[PDB]
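Report on the structure given below.
Values quoted throughout were computed directly from the atomic coordinates according to the rules given, and no laboratory measurement underlies them. Note that we place each Cβ from the backbone using ideal geometry, even for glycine, and neighbour counts take in every protein chain shown.
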Amino acid sequence: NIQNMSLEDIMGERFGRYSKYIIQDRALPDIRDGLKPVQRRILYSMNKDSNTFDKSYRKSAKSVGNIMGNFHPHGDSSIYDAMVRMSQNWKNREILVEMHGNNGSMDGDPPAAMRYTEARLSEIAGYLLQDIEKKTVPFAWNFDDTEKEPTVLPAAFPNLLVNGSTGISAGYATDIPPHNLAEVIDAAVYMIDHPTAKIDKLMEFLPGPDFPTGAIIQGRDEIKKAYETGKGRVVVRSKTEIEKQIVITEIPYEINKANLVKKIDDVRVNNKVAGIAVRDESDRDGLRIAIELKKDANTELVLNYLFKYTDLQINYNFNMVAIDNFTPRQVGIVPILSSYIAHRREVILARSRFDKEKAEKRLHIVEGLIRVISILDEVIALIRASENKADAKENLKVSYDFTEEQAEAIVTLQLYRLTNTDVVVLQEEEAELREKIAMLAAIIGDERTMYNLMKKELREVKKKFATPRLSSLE
Amino acid sequence: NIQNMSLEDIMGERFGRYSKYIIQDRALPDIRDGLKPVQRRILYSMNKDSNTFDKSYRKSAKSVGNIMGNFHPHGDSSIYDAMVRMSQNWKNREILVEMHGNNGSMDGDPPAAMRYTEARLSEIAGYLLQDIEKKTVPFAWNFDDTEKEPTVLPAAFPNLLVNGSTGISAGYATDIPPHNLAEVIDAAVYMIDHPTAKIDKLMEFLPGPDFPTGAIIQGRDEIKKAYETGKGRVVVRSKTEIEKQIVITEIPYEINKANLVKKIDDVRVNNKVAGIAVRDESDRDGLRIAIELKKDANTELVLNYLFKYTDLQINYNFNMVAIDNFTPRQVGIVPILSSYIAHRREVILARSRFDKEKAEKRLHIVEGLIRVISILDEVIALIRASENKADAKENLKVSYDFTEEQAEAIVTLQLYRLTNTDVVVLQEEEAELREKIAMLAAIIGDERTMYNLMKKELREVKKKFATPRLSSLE
Amino acid sequence: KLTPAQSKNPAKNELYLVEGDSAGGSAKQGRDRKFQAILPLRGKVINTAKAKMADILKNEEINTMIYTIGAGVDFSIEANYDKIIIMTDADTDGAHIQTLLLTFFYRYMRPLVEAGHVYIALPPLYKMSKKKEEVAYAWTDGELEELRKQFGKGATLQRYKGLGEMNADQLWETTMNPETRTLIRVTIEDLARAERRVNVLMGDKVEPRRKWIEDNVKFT
Amino acid sequence: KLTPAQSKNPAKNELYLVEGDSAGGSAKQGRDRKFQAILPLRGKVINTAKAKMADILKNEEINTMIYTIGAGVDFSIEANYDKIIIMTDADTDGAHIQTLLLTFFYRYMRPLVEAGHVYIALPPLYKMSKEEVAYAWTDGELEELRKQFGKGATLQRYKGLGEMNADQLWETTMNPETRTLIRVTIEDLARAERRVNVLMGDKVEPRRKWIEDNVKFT
DNA sequence: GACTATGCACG
DNA sequence: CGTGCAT
DNA sequence: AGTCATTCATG
DNA sequence: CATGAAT
Ligand SMILES: [Mg+2]
Ligand SMILES: [Mg+2]
């Protein structure tokens, strides 16, 4: 047996398969929850295993094993390395994982081996997962068909813009700068009300990136270009002070403090510029790089040179590419924001639909017990005169035409439950349910009532997690 | 602040700590279940996670992570490597782990990386764990104080002799050849009856090692020495056939088929002996090494040479050292067998004690419901006239002087349970319990009744897992 | 280091190229050592169409290949096997490596490919199972759905996320034993088309690759 | 490769010898870079009393030590630090490494040890919390800590140094103000030689006896 | 997708 | 040298 | 207790 | 030459 295939065609399929899997499944973030698969699987798994901010930490390696075993058929290092990135405040604006021990740093030192460290999900992360358990989101089978896995998260906040993301696949790469959770949500809410929103106005809310590493960002013009088109180049300058000596207390995002320092001193030794005279004195709680100068305090020339010749000033590039509709799009702020909004809509509606059914069920059951409490004597008498649990059930259905579930509920009632015969209490819950159901039915078919609830939850999230800007605009 | 210490004393403590931990906690097997800690923790963990012979396999790495996280604070490789050894039929006589995929082989090829493979506990392994859950064995806290871990296993069979063990610590090393599960248990049972047993008689039962790799074992005299003293040297010869050519179909335990083959052909090329004329033709299901000869069929001289000059015949050394009473002993068969027996005694007694309490509890409860079924009417009437579940309980205790647990049991009874008012059925269980309790109370204080039960279970285990000898004696 | 066949007979002896040592084990084990050799690579292979000459010949994995095959990069022929068989894990990362290995052969060892000596071996991804056992194999997603329909309830599904994850007997019975196996035979039916295609996908330019994706990758 | 201190001042500058890169990170991070250098080793160190000369000097980890310290193996002195501090994970495998590192210093760099320049740093194993927080260094300490915290307490065990944070490593075991160090001196020579050669020796037979007689397997 | 160095006892 | 748990 | 090769897009 | 997911 042999199938004969060409080189062109074989190369064709085999490439197409991979190129696709890479784009969707590996590198590129979903435009909805702004996560790559590994990220999502880590989050879901940790949370399912209730490994959460409020409870004790847990041996990273145990976490990694479970992810690998249940959801993610790949290297441990790929997984844990990714998990670790999510614990890095100089990398992410709003961290989704808290790790206790050594998880690297700005000097670039390598994260401690996984067998050493311990991890949990952060607080805001829970918000990414909020409502997951109330059928709010599409599930798929895992690779084994053994257990079910979310295809996207609920997403209480617009993670995509908040923590940015990068970014290397076949044919596509992505870079998305972090943003100020507060400011982002502002943009979101504004759009929720005025959908036909122009970028200029949105910019009043989201005025450009917010790097966790602080720093100065200059390039209003190109930032707009980025927000409209999806591509742009911006300038980022470390933040400088002069002491009577040059003090550095913020550096450009994605830049390596350690090497940055060597490269500067290399300037001195090569005496590539005048007054070069360089020390790093940084400790747990503050960044400090001291460039202390000699005689001819040509400092302005020296500083201006350093900006040009070293990575004290660099440019950051925007390549905002996410997966929308199962496909690679290069998108601006408007598509991201919009698509996030429309997502939250599906979420809210799906949630409420689930909540409503649950309400209606217990309601039908409560409606039931209320009837029973009136016939209790004769009801029990029947149950006793019955042969089997099942026969017991079948007799109530026949006689007092109760329903099926109503029957199981009456029958399985324990005994001390009879200690509480009181149609008032049940009636109290009955009101409660009826009011919830009617509230929900509104959201479901009330489009503006729906959008308002969105706006509220969003505002509530802003209040909880909002923080001052770290990066400045020039 | 500074504490001033000498070199002698510091070196003293620091060595003593390590030497000890290594001996007890790492290298040396417990004389009772014949396991090293890693082994035990693997077994317990897998089983607790119900990863068992009867159910589907599970991603080794998930298994490894859990062991590391809960019980075993060390390298994954150390753990998984150990787990893999336990899956190796050419290494262990009776395998305690079944692994699906590549777990190495006789050619010595390295086991597939853990992310690739899948594993479960074998069937006989369950027997090592049998009764674990009925307080049969001393527990300790894990390193974190989060969960409790067995300090030894129950041990339905004498694993120590069966799967042997080795064996490198500070001051001590161990080598213990595998044995024939059937023959071992014979020895055990005989000793159970005739404790003052001499080695000569025991030898009639356990006549020396049984290697999973088959082979020929010659050295009756030194085997006795080993069984008495704990140290001995034995000769092991590969099993040979002549075809009309030398055919090899069994090789010496712990020997490397691959290199063994090279070393033979090296004899030919170096023409170190006469008729050297060597091919390995082995496939999944059978070992075959062909040494096909030239003209002067000095074959006997050639074979006799090969035995001397290569590892076709080697000697195996006995260094039987286990941990008894928290300490290193070099022990013979008699101590091993005895100490195993005495263990099983504690197990059986502890088990029965647990079983008895459980019996007595439900019995007290059954005794209770039987009373109630007579007063059912008035009882329910009381419960209804009661305010709280708790008040409900307190009223029965006051009025019908029921007990505390009896009360919870009556009160929590669901409703369809009233469908079954029938003192006959309860009385049936009541008999059952009383008969079990009285049986147990016997074992507990009946020493021979206890030993008999041991003998039975042991025989039952022999019947289930027994297999023909693989290794032959000359 | 390689695991060679007993007989050295360039007429009927196959060289099985594998994605790593772990898979290598599985291969070596389930296999007819009379005429089957096994050569491990260390993961993803150098893009021979994106790097120069020195960068290439200097890389261990390509060099080892060149040696164990004979002919050489120029080329020349009959050494050394009448089949060079690319056997990668069943997933998509496997398909990438196939893509890379093929371009290397296509670029340098061209006569080899034109000749009809380069094969792709097609090992299972999924195995589904329901003394009485029913067992089927799938090779990609779609196949899985149909298999699932067949087995209906009860079935367990196993996915070989890497070759070292299936056993010896399995690898043999399914994908190596010539009696019951099936192989893909790679031939080039233009030259111009091949060059055209390889250079876009495997090329260095990106801009065209991207377009080729957009236009042809069906992200349904 | 090492992480050296800002000032090069052999009068007050310490060299912290660590069990690996993962721990190295924790060290480098929580630390006063003015006078604290950090030098990682790749796990268990060569038994310098069981191997020859060439085997030894040829091993990377010993050689790197010799270089970064100055003096040399003969020896000579004042380079390069007025403290060489052995800081190993808190468990027992740490204690083994301490044993190995000490014999190397004792065997070759003897003047160093006789001088009073070799230190052992004593980082926590267990931390218990109820916030009320205590630290334990070995088993026994744990029991007493457990009694104190009674119910509710969570216990954490640093199974390796890279498992505690920066602030922690500093506050507990590196900051001279609140830290405590062990200072290793030799108070015979003959006794030291005698002892080292048994434990660390090559002979086994004596070591074993030393174990039986003195290792309390309670 | 793989690899390397160390301790420890023993023949 | 290699063996089996460890760093 | 560590380490190394390779893909992929972009400046 | 990183960068961050992968073999
Ligand atoms: Mg693969
Ligand atoms: Mg350690």
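Just checking the output field for A:141-147: average partner chain Cβ neighbours within 10 Å of each residue's Cβ? Can you show the working numbers first?
Working: counts 3, 1, 7, 9, 9, 4, 0.
Across the residues of A:141-147, the mean count of other-chain Cβ atoms within 10 Å is 5.
Return the FRET efficiency for the residue pair A:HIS364, B:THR412: r is the Cβ-Cβ distance, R0 is 30 Å, and the value is rounded to the nearest 0.05.
Using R0 = 30 Å, I get an efficiency of 0.75.
For segment D:46-137, the convex hull spanned by the alpha carbon atoms encloses 117 Å³ per residue. Directionally averaged projected area (segment A:369-463, Cα convex hull): 9.2 nm².
Ratio of alpha-carbon Rg to the 2.2 N^0.38 Å globular estimate for segment C:117-198, to two decimals, please.
Here the answer is 1.41, to two decimals.
Sequentially through segment D:177-189, phi angles give Karplus couplings (6.51, -1.76, 1.60; θ = phi - 60°) of 4, 10, 7, 9, 10, 9, 10, 9, 10, 10, 10, 10, 9 Hz, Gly and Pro residues having no value and appearing as x. If one computes the Cα centroid of segment A:363-422 and of segment A:195-272, what distance in Å separates the two points? Cα centroid of segment A:363-422 versus Cα centroid of segment A:195-272: 70 Å apart. Peptide D:16-23 has a mean of 3 when you count, residue by residue, the C-beta atoms of other protein chains within 10 Å of its C-beta.
The modelled label-to-label distance between D:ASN47 and D:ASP202, using points 7 Å beyond Cα along the C-beta direction, is 1.1 nm. Relative intensity of chain D on a log10 scale, I(q)/I(0) at q = 0.10, 0.13 Å⁻¹, equals -0.50, -0.82, per a Debye sum over C-alpha point scatterers of equal strength in the absence of solvent. The Cα-based radius of gyration and maximum Cα-Cα distance (Dmax) for segment A:140-220 are 16.8, 51 Å.
From the residues A:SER165, A:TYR416, A:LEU349, which one has its Cα farthest along the dipole of chain A in the positive direction, the dipole being from +1 and -1 charges on Cβ of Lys/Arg and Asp/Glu about the Cα centre? Value: A:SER165. Other protein chain C-beta atoms within 10 Å of residue C-beta, averaged over A:114-126: 3. Taking the Cα centre of the protein assembly as shown as reference, the dipole from Cβ charges on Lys and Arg (+1) and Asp and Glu (-1) amounts to some 3160 debye.
In this label model, A:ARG345 and A:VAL273 are separated by 5.3 nm, measuring between points 7 Å along each Cα→Cβ vector. Along the positive direction of the dipole of chain B (beta-carbon charges: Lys, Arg +1; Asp, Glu -1; about the Cα centre), which of B:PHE205, B:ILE383, B:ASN1 reaches farthest? Projecting each Cα onto the dipole axis, the largest value belongs to B:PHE205. Both the radius of gyration and Dmax for segment A:186-269 are 17.5, 59 Å, in that order, over alpha-carbon atoms. Pop the C-beta distance of B:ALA442 and C:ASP169 into the FRET formula with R0 = 45 Å and round what comes out to the nearest 0.05. With a Förster radius of 45 Å, E is 0.30. Computed about the Cα centre, the dipole magnitude for segment A:79-126 is approximately 100 debye when only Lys and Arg (+1) and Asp and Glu (-1) carry charge, each at its Cβ. Length, then width, then depth: along the principal axes, the Cα atoms of the protein assembly as shown run 98, 98, 82 Å. Under 15 Å of direct C-alpha separation, and excluding same-chain neighbours fewer than eight residues apart, A:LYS389 reaches these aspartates and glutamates: A:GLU404, A:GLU405, A:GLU408, B:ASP422. Take the Cα of B:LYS397, step 7 Å toward its Cβ, do the same at B:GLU281, and the gap between the two points is 8.4 nm. Pairwise alpha-carbon distances in chain A exceed 30 Å for 60% of all pairs. For the pair segment A:322-362 and segment A:114-147, the centres of their Cα atoms are 17 angstrom apart. A simple packing score, the average count of other Cβ atoms within 10 Å per residue, orders the peptides A:250-260, B:453-463 as A:250-260, B:453-463, with the highest score first.
Per-residue packing, averaged as other Cβ atoms within 10 Å, sorts the ranges B:223-234, B:426-437 into the order B:223-234, B:426-437, beginning with the highest.
Charges only on Cβ, +1 for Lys and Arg, -1 for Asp and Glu: so what's the dipole of chain C about the Cα centre, in debye to the nearest 20?
200 debye
Among beta bridges identified by DSSP and lying wholly in the protein assembly as shown, the antiparallel ones come to about 70 percent. The distance linking segment D:80-97 with segment C:99-154 is 54 Å (Cα centroid to Cα centroid, whole angstrom). Protection proxy ranking, highest mean first, for peptides D:106-113, D:198-205: D:106-113, D:198-205, where packing is the per-residue count of other beta-carbon atoms within 10 Å, averaged. For the residue pairs A:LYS20/C:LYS1; A:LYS91/D:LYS8; B:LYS272/B:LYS295; B:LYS244/C:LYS34; C:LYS34/C:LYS161; A:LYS239/A:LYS295, the alpha carbons lie more than 26 Å apart in A:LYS20/C:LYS1; A:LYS91/D:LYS8; C:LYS34/C:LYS161.
Distance to the B-onto-A rotation axis is smallest for one chain B Cβ; residue and value in angstrom are B:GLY65, 1.
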